[PDB]
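Note: the block below is upload.cif and it holds mmCIF, N, CA and C atoms.
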data_start
loop_
_atom_site.label_atom_id
_atom_site.label_comp_id
_atom_site.auth_asym_id
_atom_site.auth_seq_id
_atom_site.Cartn_x
_atom_site.Cartn_y
_atom_site.Cartn_z
N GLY A 1 19.85 -4.33 -9.62
CA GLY A 1 18.40 -4.04 -9.66
C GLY A 1 18.03 -3.11 -10.79
N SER A 2 16.99 -3.45 -11.53
CA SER A 2 16.55 -2.63 -12.66
C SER A 2 15.03 -2.63 -12.77
N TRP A 3 14.44 -1.45 -12.59
CA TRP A 3 13.01 -1.27 -12.77
C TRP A 3 12.68 -1.09 -14.24
N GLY A 4 13.31 -0.11 -14.85
CA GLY A 4 13.08 0.18 -16.25
C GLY A 4 13.54 1.58 -16.59
N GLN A 5 13.70 1.85 -17.87
CA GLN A 5 14.17 3.14 -18.31
C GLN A 5 12.99 4.09 -18.53
N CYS A 6 12.84 5.04 -17.61
CA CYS A 6 11.80 6.05 -17.70
C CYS A 6 11.83 6.95 -16.47
N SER A 7 12.12 8.22 -16.68
CA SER A 7 12.15 9.19 -15.60
C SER A 7 10.85 9.99 -15.58
N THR A 8 9.85 9.49 -16.28
CA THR A 8 8.54 10.13 -16.33
C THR A 8 7.69 9.71 -15.12
N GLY A 9 8.20 8.74 -14.38
CA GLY A 9 7.50 8.28 -13.19
C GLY A 9 8.00 6.93 -12.72
N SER A 10 7.09 5.99 -12.57
CA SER A 10 7.44 4.65 -12.14
C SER A 10 7.17 3.68 -13.28
N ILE A 11 7.94 2.61 -13.35
CA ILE A 11 7.73 1.60 -14.36
C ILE A 11 6.95 0.41 -13.81
N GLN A 12 6.03 -0.06 -14.61
CA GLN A 12 5.21 -1.22 -14.27
C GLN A 12 4.81 -1.99 -15.51
N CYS A 13 4.29 -3.19 -15.29
CA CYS A 13 3.85 -4.05 -16.37
C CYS A 13 2.35 -4.27 -16.26
N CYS A 14 1.61 -3.64 -17.16
CA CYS A 14 0.15 -3.65 -17.10
C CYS A 14 -0.43 -4.78 -17.91
N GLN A 15 -1.36 -5.49 -17.28
CA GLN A 15 -2.12 -6.53 -17.94
C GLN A 15 -3.14 -5.89 -18.90
N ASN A 16 -3.69 -4.75 -18.49
CA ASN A 16 -4.63 -4.01 -19.31
C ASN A 16 -4.23 -2.55 -19.43
N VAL A 17 -3.63 -2.19 -20.55
CA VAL A 17 -3.33 -0.79 -20.83
C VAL A 17 -4.47 -0.18 -21.62
N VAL A 18 -5.33 0.54 -20.92
CA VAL A 18 -6.54 1.09 -21.52
C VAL A 18 -6.66 2.58 -21.23
N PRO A 19 -7.11 3.36 -22.22
CA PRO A 19 -7.41 4.78 -22.02
C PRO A 19 -8.46 4.99 -20.94
N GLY A 20 -8.27 6.03 -20.13
CA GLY A 20 -9.20 6.31 -19.05
C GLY A 20 -10.57 6.73 -19.55
N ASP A 21 -10.63 7.16 -20.81
CA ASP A 21 -11.90 7.53 -21.43
C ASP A 21 -12.35 6.42 -22.38
N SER A 22 -11.63 5.31 -22.35
CA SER A 22 -11.97 4.14 -23.13
C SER A 22 -13.18 3.45 -22.54
N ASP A 23 -13.91 2.70 -23.36
CA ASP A 23 -15.05 1.94 -22.86
C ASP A 23 -14.62 1.04 -21.72
N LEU A 24 -13.45 0.43 -21.90
CA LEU A 24 -12.86 -0.40 -20.87
C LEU A 24 -12.39 0.44 -19.70
N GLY A 25 -11.46 1.36 -19.97
CA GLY A 25 -10.84 2.15 -18.92
C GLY A 25 -11.85 2.91 -18.08
N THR A 26 -12.85 3.48 -18.73
CA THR A 26 -13.85 4.27 -18.04
C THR A 26 -14.71 3.38 -17.14
N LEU A 27 -15.03 2.20 -17.63
CA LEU A 27 -15.78 1.22 -16.86
C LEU A 27 -14.95 0.79 -15.66
N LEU A 28 -13.65 0.63 -15.88
CA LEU A 28 -12.75 0.14 -14.84
C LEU A 28 -12.60 1.17 -13.73
N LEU A 29 -12.32 2.41 -14.09
CA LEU A 29 -12.09 3.44 -13.09
C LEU A 29 -13.39 3.86 -12.41
N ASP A 30 -14.51 3.65 -13.09
CA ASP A 30 -15.81 3.93 -12.51
C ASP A 30 -16.08 2.93 -11.40
N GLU A 31 -15.55 1.73 -11.59
CA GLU A 31 -15.66 0.66 -10.63
C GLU A 31 -14.73 0.91 -9.46
N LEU A 32 -13.81 1.83 -9.67
CA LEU A 32 -12.76 2.13 -8.71
C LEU A 32 -12.94 3.51 -8.09
N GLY A 33 -13.99 4.21 -8.53
CA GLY A 33 -14.31 5.53 -8.00
C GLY A 33 -13.19 6.54 -8.23
N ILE A 34 -12.50 6.42 -9.35
CA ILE A 34 -11.37 7.29 -9.63
C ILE A 34 -11.84 8.60 -10.24
N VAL A 35 -11.43 9.70 -9.64
CA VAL A 35 -11.74 11.01 -10.18
C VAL A 35 -10.65 11.42 -11.16
N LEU A 36 -11.04 11.68 -12.39
CA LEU A 36 -10.08 12.01 -13.43
C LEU A 36 -9.92 13.52 -13.60
N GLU A 37 -8.68 13.96 -13.61
CA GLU A 37 -8.35 15.34 -13.97
C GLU A 37 -8.10 15.40 -15.46
N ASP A 38 -7.63 14.28 -15.99
CA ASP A 38 -7.33 14.14 -17.39
C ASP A 38 -7.73 12.73 -17.81
N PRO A 39 -8.93 12.57 -18.36
CA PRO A 39 -9.46 11.25 -18.73
C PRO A 39 -8.72 10.65 -19.92
N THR A 40 -7.83 11.44 -20.49
CA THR A 40 -7.11 11.04 -21.69
C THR A 40 -5.76 10.44 -21.34
N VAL A 41 -5.61 10.01 -20.10
CA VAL A 41 -4.43 9.29 -19.68
C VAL A 41 -4.67 7.79 -19.82
N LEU A 42 -3.59 7.04 -19.95
CA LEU A 42 -3.68 5.60 -20.03
C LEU A 42 -3.62 5.01 -18.63
N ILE A 43 -4.65 4.26 -18.28
CA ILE A 43 -4.68 3.59 -17.00
C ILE A 43 -4.37 2.12 -17.18
N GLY A 44 -3.49 1.61 -16.34
CA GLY A 44 -3.03 0.26 -16.48
C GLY A 44 -3.61 -0.67 -15.44
N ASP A 45 -4.68 -1.34 -15.81
CA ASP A 45 -5.30 -2.32 -14.94
C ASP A 45 -4.47 -3.59 -14.96
N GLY A 46 -4.34 -4.25 -13.81
CA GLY A 46 -3.53 -5.44 -13.76
C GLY A 46 -2.05 -5.13 -13.89
N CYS A 47 -1.62 -4.04 -13.28
CA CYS A 47 -0.27 -3.56 -13.46
C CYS A 47 0.58 -3.80 -12.23
N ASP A 48 1.59 -4.63 -12.39
CA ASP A 48 2.54 -4.88 -11.32
C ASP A 48 3.82 -4.09 -11.58
N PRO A 49 4.35 -3.41 -10.55
CA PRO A 49 5.59 -2.64 -10.67
C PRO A 49 6.77 -3.54 -11.03
N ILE A 50 7.49 -3.19 -12.09
CA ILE A 50 8.58 -4.02 -12.56
C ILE A 50 9.83 -3.79 -11.74
N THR A 51 10.12 -4.72 -10.85
CA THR A 51 11.30 -4.63 -10.01
C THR A 51 11.96 -6.01 -9.89
N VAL A 52 11.64 -6.87 -10.85
CA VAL A 52 12.20 -8.20 -10.91
C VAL A 52 12.78 -8.46 -12.30
N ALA A 53 13.65 -9.46 -12.40
CA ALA A 53 14.23 -9.91 -13.67
C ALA A 53 15.27 -8.92 -14.21
N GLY A 54 14.84 -7.71 -14.53
CA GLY A 54 15.75 -6.75 -15.13
C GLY A 54 16.22 -7.21 -16.50
N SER A 55 15.30 -7.77 -17.26
CA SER A 55 15.59 -8.29 -18.58
C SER A 55 14.34 -8.16 -19.46
N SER A 56 14.34 -8.81 -20.61
CA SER A 56 13.18 -8.77 -21.50
C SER A 56 11.95 -9.37 -20.82
N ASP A 57 12.18 -10.39 -19.99
CA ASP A 57 11.10 -11.06 -19.28
C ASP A 57 10.68 -10.31 -18.02
N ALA A 58 10.92 -9.00 -18.01
CA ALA A 58 10.54 -8.18 -16.87
C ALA A 58 9.06 -7.83 -16.93
N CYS A 59 8.45 -8.12 -18.06
CA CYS A 59 7.03 -7.88 -18.25
C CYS A 59 6.43 -8.94 -19.17
N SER A 60 5.28 -9.46 -18.78
CA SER A 60 4.62 -10.51 -19.53
C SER A 60 3.49 -9.97 -20.40
N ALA A 61 2.91 -8.84 -19.99
CA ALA A 61 1.77 -8.28 -20.71
C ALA A 61 2.18 -7.04 -21.52
N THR A 62 2.28 -5.90 -20.85
CA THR A 62 2.64 -4.65 -21.53
C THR A 62 3.44 -3.75 -20.60
N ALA A 63 4.59 -3.27 -21.07
CA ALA A 63 5.45 -2.43 -20.26
C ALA A 63 5.03 -0.97 -20.36
N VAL A 64 4.91 -0.32 -19.22
CA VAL A 64 4.45 1.06 -19.17
C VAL A 64 5.15 1.84 -18.08
N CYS A 65 4.92 3.14 -18.07
CA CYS A 65 5.52 4.04 -17.10
C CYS A 65 4.48 5.06 -16.65
N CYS A 66 3.99 4.90 -15.43
CA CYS A 66 2.96 5.79 -14.90
C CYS A 66 3.54 7.01 -14.21
N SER A 67 2.97 8.16 -14.53
CA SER A 67 3.39 9.43 -13.97
C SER A 67 2.72 9.70 -12.63
N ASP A 68 1.64 8.99 -12.38
CA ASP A 68 0.89 9.15 -11.13
C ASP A 68 1.25 8.01 -10.18
N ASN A 69 1.00 8.21 -8.90
CA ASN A 69 1.37 7.24 -7.88
C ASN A 69 0.12 6.60 -7.26
N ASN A 70 -1.04 7.14 -7.60
CA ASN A 70 -2.31 6.66 -7.06
C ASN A 70 -2.72 5.34 -7.70
N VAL A 71 -2.62 4.27 -6.94
CA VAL A 71 -3.03 2.97 -7.40
C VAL A 71 -4.16 2.43 -6.53
N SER A 72 -5.10 1.72 -7.14
CA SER A 72 -6.23 1.16 -6.42
C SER A 72 -5.85 -0.19 -5.80
N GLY A 73 -4.62 -0.61 -6.06
CA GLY A 73 -4.16 -1.89 -5.57
C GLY A 73 -3.58 -2.74 -6.67
N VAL A 74 -4.10 -2.60 -7.88
CA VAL A 74 -3.57 -3.35 -9.01
C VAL A 74 -3.43 -2.49 -10.26
N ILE A 75 -4.08 -1.33 -10.28
CA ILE A 75 -4.04 -0.49 -11.47
C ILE A 75 -2.85 0.46 -11.45
N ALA A 76 -2.82 1.30 -12.47
CA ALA A 76 -1.82 2.34 -12.60
C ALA A 76 -2.43 3.51 -13.37
N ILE A 77 -2.10 4.74 -12.99
CA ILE A 77 -2.71 5.90 -13.63
C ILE A 77 -1.66 6.76 -14.34
N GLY A 78 -1.94 7.10 -15.60
CA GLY A 78 -1.05 7.95 -16.36
C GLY A 78 0.17 7.20 -16.85
N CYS A 79 -0.07 6.07 -17.50
CA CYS A 79 1.00 5.21 -17.96
C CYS A 79 1.31 5.42 -19.43
N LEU A 80 2.59 5.61 -19.72
CA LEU A 80 3.06 5.67 -21.09
C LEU A 80 3.65 4.33 -21.49
N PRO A 81 3.26 3.82 -22.66
CA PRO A 81 3.73 2.52 -23.15
C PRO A 81 5.21 2.56 -23.51
N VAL A 82 5.98 1.67 -22.89
CA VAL A 82 7.40 1.59 -23.13
C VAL A 82 7.78 0.18 -23.55
N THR A 83 8.90 0.06 -24.23
CA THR A 83 9.43 -1.23 -24.63
C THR A 83 10.93 -1.12 -24.85
N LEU A 84 11.67 -2.14 -24.42
CA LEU A 84 13.12 -2.17 -24.55
C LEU A 84 13.76 -0.96 -23.86
#
Could you express the structure from this file as structure tokens?
Amino acid sequence: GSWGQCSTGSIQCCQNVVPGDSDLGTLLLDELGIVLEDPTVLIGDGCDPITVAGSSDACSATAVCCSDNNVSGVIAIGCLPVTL
């Protein structure tokens, strides 16, 4: 079993990696009623936790690592972009 290399939090594969203060990200989290302590974090909309494959095909959109655990059901908060 392999999630991904990152001890900064949890690894996931985000369909939308957008800044929380981004036009996109801000619109998204506003739709989700998310209170930001740091709007300058990357929020990953459409983010599924990577716990399958354990290979290059472990992510189809964008590989990230979220430091926060608060998910609205599909998003991710505080994600750092990772690859390989």
Skip segment 19-35 of chain A itself and residues of its chain fewer than 4 positions away, then list as a ChimeraX atom specification all residues within 8 Å of it, counting all atoms listed in the file.
/A:39-45,72,78
Keeping only N, CA and C atoms, write the selected residues to a file as a PDB file, in the coordinates of the input.
ATOM      1  N   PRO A  39      -8.930  12.570 -18.360  1.00  0.00           N
ATOM      2  CA  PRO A  39      -9.460  11.250 -18.730  1.00  0.00           C
ATOM      3  C   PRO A  39      -8.720  10.650 -19.920  1.00  0.00           C
ATOM      4  N   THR A  40      -7.830  11.440 -20.490  1.00  0.00           N
ATOM      5  CA  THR A  40      -7.110  11.040 -21.690  1.00  0.00           C
ATOM      6  C   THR A  40      -5.760  10.440 -21.340  1.00  0.00           C
ATOM      7  N   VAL A  41      -5.610  10.010 -20.100  1.00  0.00           N
ATOM      8  CA  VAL A  41      -4.430   9.290 -19.680  1.00  0.00           C
ATOM      9  C   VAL A  41      -4.670   7.790 -19.820  1.00  0.00           C
ATOM     10  N   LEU A  42      -3.590   7.040 -19.950  1.00  0.00           N
ATOM     11  CA  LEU A  42      -3.680   5.600 -20.030  1.00  0.00           C
ATOM     12  C   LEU A  42      -3.620   5.010 -18.630  1.00  0.00           C
ATOM     13  N   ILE A  43      -4.650   4.260 -18.280  1.00  0.00           N
ATOM     14  CA  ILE A  43      -4.680   3.590 -17.000  1.00  0.00           C
ATOM     15  C   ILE A  43      -4.370   2.120 -17.180  1.00  0.00           C
ATOM     16  N   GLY A  44      -3.490   1.610 -16.340  1.00  0.00           N
ATOM     17  CA  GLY A  44      -3.030   0.260 -16.480  1.00  0.00           C
ATOM     18  C   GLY A  44      -3.610  -0.670 -15.440  1.00  0.00           C
ATOM     19  N   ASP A  45      -4.680  -1.340 -15.810  1.00  0.00           N
ATOM     20  CA  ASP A  45      -5.300  -2.320 -14.940  1.00  0.00           C
ATOM     21  C   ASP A  45      -4.470  -3.590 -14.960  1.00  0.00           C
ATOM     22  N   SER A  72      -5.100   1.720  -7.140  1.00  0.00           N
ATOM     23  CA  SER A  72      -6.230   1.160  -6.420  1.00  0.00           C
ATOM     24  C   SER A  72      -5.850  -0.190  -5.800  1.00  0.00           C
ATOM     25  N   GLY A  78      -1.940   7.100 -15.600  1.00  0.00           N
ATOM     26  CA  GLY A  78      -1.050   7.950 -16.360  1.00  0.00           C
ATOM     27  C   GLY A  78       0.170   7.200 -16.850  1.00  0.00           C
TER      28      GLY A  78
END
Just want the 8 Å neighbourhood of segment 4-12 of chain A, counted on only C-alpha atoms, with same-chain residues fewer than 6 positions away dropped. Output as a short mmCIF file (atom, residue, chain, number, x, y, z; two decimals) with N, CA and C atoms, in the frame of the given file.
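Below is the file that was written, around_23.cif:
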data_model
loop_
_atom_site.label_atom_id
_atom_site.label_comp_id
_atom_site.auth_asym_id
_atom_site.auth_seq_id
_atom_site.Cartn_x
_atom_site.Cartn_y
_atom_site.Cartn_z
N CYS A 47 -1.62 -4.04 -13.28
CA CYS A 47 -0.27 -3.56 -13.46
C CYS A 47 0.58 -3.80 -12.23
N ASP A 48 1.59 -4.63 -12.39
CA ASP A 48 2.54 -4.88 -11.32
C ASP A 48 3.82 -4.09 -11.58
N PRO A 49 4.35 -3.41 -10.55
CA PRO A 49 5.59 -2.64 -10.67
C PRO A 49 6.77 -3.54 -11.03
N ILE A 50 7.49 -3.19 -12.09
CA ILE A 50 8.58 -4.02 -12.56
C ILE A 50 9.83 -3.79 -11.74
N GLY A 54 14.84 -7.71 -14.53
CA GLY A 54 15.75 -6.75 -15.13
C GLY A 54 16.22 -7.21 -16.50
N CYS A 59 8.45 -8.12 -18.06
CA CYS A 59 7.03 -7.88 -18.25
C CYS A 59 6.43 -8.94 -19.17
N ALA A 63 4.59 -3.27 -21.07
CA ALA A 63 5.45 -2.43 -20.26
C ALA A 63 5.03 -0.97 -20.36
N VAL A 64 4.91 -0.32 -19.22
CA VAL A 64 4.45 1.06 -19.17
C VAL A 64 5.15 1.84 -18.08
N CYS A 65 4.92 3.14 -18.07
CA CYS A 65 5.52 4.04 -17.10
C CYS A 65 4.48 5.06 -16.65
N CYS A 66 3.99 4.90 -15.43
CA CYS A 66 2.96 5.79 -14.90
C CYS A 66 3.54 7.01 -14.21
N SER A 67 2.97 8.16 -14.53
CA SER A 67 3.39 9.43 -13.97
C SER A 67 2.72 9.70 -12.63
N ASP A 68 1.64 8.99 -12.38
CA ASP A 68 0.89 9.15 -11.13
C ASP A 68 1.25 8.01 -10.18
N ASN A 69 1.00 8.21 -8.90
CA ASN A 69 1.37 7.24 -7.88
C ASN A 69 0.12 6.60 -7.26
#
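Atom pair atom CA of residue 46 of chain A / atom C of residue 77 of chain A: separated by 12.4 Å.
One distance worth recording is that between atom CA of residue 62 of chain A and atom CA of residue 74 of chain A, which is 14.0 Å.
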Using DSSP secondary structure from the backbone, list all strand (DSSP E) positions within chain A, as a list in words.
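Written out, the strand (DSSP E) residues of chain A are residues 10, 11, 12, 13, 14, 15, 16, 17, 18, 19, 42, 43, 44, 45, 46, 47, 48, 49, 62, 63, 64, 65, 66, 79, 80 and 81 of chain A.
Atom pair atom N of residue 1 of chain A / atom C of residue 57 of chain A: separated by 13.8 Å.
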Any chance you could model N, CA, C and O atoms for segment 8-33 of chain A and send them as a PDB file, in the frame of the given file?
ATOM      1  N   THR A   8       9.850   9.490 -16.280  1.00  0.00           N
ATOM      2  CA  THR A   8       8.540  10.130 -16.330  1.00  0.00           C
ATOM      3  C   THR A   8       7.690   9.710 -15.120  1.00  0.00           C
ATOM      4  O   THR A   8       6.618  10.251 -14.873  1.00  0.00           O
ATOM      5  N   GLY A   9       8.200   8.740 -14.380  1.00  0.00           N
ATOM      6  CA  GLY A   9       7.500   8.280 -13.190  1.00  0.00           C
ATOM      7  C   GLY A   9       8.000   6.930 -12.720  1.00  0.00           C
ATOM      8  O   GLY A   9       9.204   6.748 -12.515  1.00  0.00           O
ATOM      9  N   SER A  10       7.090   5.990 -12.570  1.00  0.00           N
ATOM     10  CA  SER A  10       7.440   4.650 -12.140  1.00  0.00           C
ATOM     11  C   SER A  10       7.170   3.680 -13.280  1.00  0.00           C
ATOM     12  O   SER A  10       6.317   3.934 -14.125  1.00  0.00           O
ATOM     13  N   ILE A  11       7.940   2.610 -13.350  1.00  0.00           N
ATOM     14  CA  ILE A  11       7.730   1.600 -14.360  1.00  0.00           C
ATOM     15  C   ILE A  11       6.950   0.410 -13.810  1.00  0.00           C
ATOM     16  O   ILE A  11       7.203  -0.066 -12.702  1.00  0.00           O
ATOM     17  N   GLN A  12       6.030  -0.060 -14.610  1.00  0.00           N
ATOM     18  CA  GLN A  12       5.210  -1.220 -14.270  1.00  0.00           C
ATOM     19  C   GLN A  12       4.810  -1.990 -15.510  1.00  0.00           C
ATOM     20  O   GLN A  12       4.999  -1.535 -16.640  1.00  0.00           O
ATOM     21  N   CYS A  13       4.290  -3.190 -15.290  1.00  0.00           N
ATOM     22  CA  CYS A  13       3.850  -4.050 -16.370  1.00  0.00           C
ATOM     23  C   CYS A  13       2.350  -4.270 -16.260  1.00  0.00           C
ATOM     24  O   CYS A  13       1.871  -4.976 -15.370  1.00  0.00           O
ATOM     25  N   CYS A  14       1.610  -3.640 -17.160  1.00  0.00           N
ATOM     26  CA  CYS A  14       0.150  -3.650 -17.100  1.00  0.00           C
ATOM     27  C   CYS A  14      -0.430  -4.780 -17.910  1.00  0.00           C
ATOM     28  O   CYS A  14      -0.055  -5.015 -19.057  1.00  0.00           O
ATOM     29  N   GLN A  15      -1.360  -5.490 -17.280  1.00  0.00           N
ATOM     30  CA  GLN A  15      -2.120  -6.530 -17.940  1.00  0.00           C
ATOM     31  C   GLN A  15      -3.140  -5.890 -18.900  1.00  0.00           C
ATOM     32  O   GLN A  15      -3.394  -6.402 -19.987  1.00  0.00           O
ATOM     33  N   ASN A  16      -3.690  -4.750 -18.490  1.00  0.00           N
ATOM     34  CA  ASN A  16      -4.630  -4.010 -19.310  1.00  0.00           C
ATOM     35  C   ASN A  16      -4.230  -2.550 -19.430  1.00  0.00           C
ATOM     36  O   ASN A  16      -4.460  -1.755 -18.526  1.00  0.00           O
ATOM     37  N   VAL A  17      -3.630  -2.190 -20.550  1.00  0.00           N
ATOM     38  CA  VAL A  17      -3.330  -0.790 -20.830  1.00  0.00           C
ATOM     39  C   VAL A  17      -4.470  -0.180 -21.620  1.00  0.00           C
ATOM     40  O   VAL A  17      -4.579  -0.363 -22.836  1.00  0.00           O
ATOM     41  N   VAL A  18      -5.330   0.540 -20.920  1.00  0.00           N
ATOM     42  CA  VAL A  18      -6.540   1.090 -21.520  1.00  0.00           C
ATOM     43  C   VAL A  18      -6.660   2.580 -21.230  1.00  0.00           C
ATOM     44  O   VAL A  18      -6.319   3.042 -20.147  1.00  0.00           O
ATOM     45  N   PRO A  19      -7.110   3.360 -22.220  1.00  0.00           N
ATOM     46  CA  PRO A  19      -7.410   4.780 -22.020  1.00  0.00           C
ATOM     47  C   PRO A  19      -8.460   4.990 -20.940  1.00  0.00           C
ATOM     48  O   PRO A  19      -9.416   4.229 -20.826  1.00  0.00           O
ATOM     49  N   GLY A  20      -8.270   6.030 -20.130  1.00  0.00           N
ATOM     50  CA  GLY A  20      -9.200   6.310 -19.050  1.00  0.00           C
ATOM     51  C   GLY A  20     -10.570   6.730 -19.550  1.00  0.00           C
ATOM     52  O   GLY A  20     -11.551   6.654 -18.821  1.00  0.00           O
ATOM     53  N   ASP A  21     -10.630   7.160 -20.810  1.00  0.00           N
ATOM     54  CA  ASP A  21     -11.900   7.530 -21.430  1.00  0.00           C
ATOM     55  C   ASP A  21     -12.350   6.420 -22.380  1.00  0.00           C
ATOM     56  O   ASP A  21     -13.327   6.572 -23.125  1.00  0.00           O
ATOM     57  N   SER A  22     -11.630   5.310 -22.350  1.00  0.00           N
ATOM     58  CA  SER A  22     -11.970   4.140 -23.130  1.00  0.00           C
ATOM     59  C   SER A  22     -13.180   3.450 -22.540  1.00  0.00           C
ATOM     60  O   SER A  22     -13.453   3.592 -21.354  1.00  0.00           O
ATOM     61  N   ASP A  23     -13.910   2.700 -23.360  1.00  0.00           N
ATOM     62  CA  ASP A  23     -15.050   1.940 -22.860  1.00  0.00           C
ATOM     63  C   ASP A  23     -14.620   1.040 -21.720  1.00  0.00           C
ATOM     64  O   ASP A  23     -15.307   0.902 -20.710  1.00  0.00           O
ATOM     65  N   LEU A  24     -13.450   0.430 -21.900  1.00  0.00           N
ATOM     66  CA  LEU A  24     -12.860  -0.400 -20.870  1.00  0.00           C
ATOM     67  C   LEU A  24     -12.390   0.440 -19.700  1.00  0.00           C
ATOM     68  O   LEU A  24     -12.879   0.294 -18.585  1.00  0.00           O
ATOM     69  N   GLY A  25     -11.460   1.360 -19.970  1.00  0.00           N
ATOM     70  CA  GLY A  25     -10.840   2.150 -18.920  1.00  0.00           C
ATOM     71  C   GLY A  25     -11.850   2.910 -18.080  1.00  0.00           C
ATOM     72  O   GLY A  25     -11.724   2.959 -16.855  1.00  0.00           O
ATOM     73  N   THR A  26     -12.850   3.480 -18.730  1.00  0.00           N
ATOM     74  CA  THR A  26     -13.850   4.270 -18.040  1.00  0.00           C
ATOM     75  C   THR A  26     -14.710   3.380 -17.140  1.00  0.00           C
ATOM     76  O   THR A  26     -15.035   3.753 -16.014  1.00  0.00           O
ATOM     77  N   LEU A  27     -15.030   2.200 -17.630  1.00  0.00           N
ATOM     78  CA  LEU A  27     -15.780   1.220 -16.860  1.00  0.00           C
ATOM     79  C   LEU A  27     -14.950   0.790 -15.660  1.00  0.00           C
ATOM     80  O   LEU A  27     -15.473   0.631 -14.551  1.00  0.00           O
ATOM     81  N   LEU A  28     -13.650   0.630 -15.880  1.00  0.00           N
ATOM     82  CA  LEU A  28     -12.750   0.140 -14.840  1.00  0.00           C
ATOM     83  C   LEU A  28     -12.600   1.170 -13.730  1.00  0.00           C
ATOM     84  O   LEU A  28     -12.758   0.842 -12.551  1.00  0.00           O
ATOM     85  N   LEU A  29     -12.320   2.410 -14.090  1.00  0.00           N
ATOM     86  CA  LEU A  29     -12.090   3.440 -13.090  1.00  0.00           C
ATOM     87  C   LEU A  29     -13.390   3.860 -12.410  1.00  0.00           C
ATOM     88  O   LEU A  29     -13.374   4.351 -11.286  1.00  0.00           O
ATOM     89  N   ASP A  30     -14.510   3.650 -13.090  1.00  0.00           N
ATOM     90  CA  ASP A  30     -15.810   3.930 -12.510  1.00  0.00           C
ATOM     91  C   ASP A  30     -16.080   2.930 -11.400  1.00  0.00           C
ATOM     92  O   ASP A  30     -16.722   3.233 -10.397  1.00  0.00           O
ATOM     93  N   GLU A  31     -15.550   1.730 -11.590  1.00  0.00           N
ATOM     94  CA  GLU A  31     -15.660   0.660 -10.630  1.00  0.00           C
ATOM     95  C   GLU A  31     -14.730   0.910  -9.460  1.00  0.00           C
ATOM     96  O   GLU A  31     -14.843   0.287  -8.403  1.00  0.00           O
ATOM     97  N   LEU A  32     -13.810   1.830  -9.670  1.00  0.00           N
ATOM     98  CA  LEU A  32     -12.760   2.130  -8.710  1.00  0.00           C
ATOM     99  C   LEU A  32     -12.940   3.510  -8.090  1.00  0.00           C
ATOM    100  O   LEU A  32     -12.143   3.946  -7.260  1.00  0.00           O
ATOM    101  N   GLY A  33     -13.990   4.210  -8.530  1.00  0.00           N
ATOM    102  CA  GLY A  33     -14.310   5.530  -8.000  1.00  0.00           C
ATOM    103  C   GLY A  33     -13.190   6.540  -8.230  1.00  0.00           C
ATOM    104  O   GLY A  33     -12.969   7.416  -7.396  1.00  0.00           O
TER     105      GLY A  33
END
